[PDB]
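Comments concern the structure below.
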């Protein structure tokens, strides 16, 4: 089997992307944030504290003939950005782009933090990291991909995120028309539960590529590119007027600037992020100062190849017995 679904930016900055997901019988369609950096499929629901719901579409398990309550099970997650959510657990039929998993754990939120409430466009998350990170207790549950894997034509999914435009998540096949050149594959460590890999280096604009190992995670659920302070300083030093602002929370630059590209290595291959992808707009409405899309990972504890990096590539998440990642230009 296969599936194919369009993913759409939530706003004009590509802050996140939402993908329609069918849950239950009859289908209830919710728009979920596909997150390769976490492993819980959780939704706003009829159980979510009413005051914490503000415009989201909710899952109502009592209206689904296929919903089952997982007796006594609970879940609770905290994300790197400080957001959180928690609740109880159902299993139900879940379909993405024509691909159906029966008995998928659908984690129903009783509580969500303010950042989720405040974002009316995101009805929940669909985790695509390794199931070892799933937070269900007492017994951890499997991700949508882990459940679908054995049925897929090939044990893979691909992320093809757009810049200021829709893109595509495919399950079970590689669309050979969706990228230019060849896909370069690279090793993955699953030891921390992430799609963790080692980039072979970077370049800033037209500068000569520096060969150096950069360990990080491929994370569709993180907006920006977070890299070591050395690398990030080298990038912003090439932007007139750029500086790190502790009050703003990162590197800012004059909105009138022409940003250089940023290149990262995948083996001997190279992915070039155009300068425009690194512009995240005025720091506040009407400001001439803009927020940068490449920021330091110091204090995160891990480097994160988030949407800024991933949307410059066609990315293969290969869930074979020994997982790998593939990257192609597009």
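Swiss-Prot numbering applies to chain A: residues 90-419, in that order.
Recorded method is X-ray crystallography, 1.4 Å.
Just so it is clear, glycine is given a Cβ too, placed from its N, Cα and C backbone atoms.
What Swiss-Prot records for this protein:
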DOMAIN    106-417  domain 'Peptidase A1'
ACT_SITE  124  active site
ACT_SITE  288  active site
DISULFID  344-379  disulfide bond
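Summary: among the disulfide-bonded residues (344, 379), the fewest other C-beta atoms within 10 A of the C-beta are counted at 344.
DSSP gives residue 344 (disulfide bond) a coil state; it is part of no helix or strand.
A separation of roughly 26 Å, to the nearest angstrom, links the Cα atoms of residue 379 (disulfide bond) and residue 124 (active site). Under the DSSP three-state reduction, residue 379 (disulfide bond) is assigned to strand.
Under DSSP, residue 288 (active site) is assigned to a strand (E or B) in the three-state scheme. Around the Cβ of residue 124 (active site), a 10 Å sphere holds 21 further Cβ atoms from the protein chains shown. For the pair residue 288 (active site) and residue 124 (active site), the C-alpha distance works out to 20 angstrom. Of all Cβ atoms in the protein chains displayed, 22 besides its own lie within 10 Å of the Cβ of residue 288 (active site).
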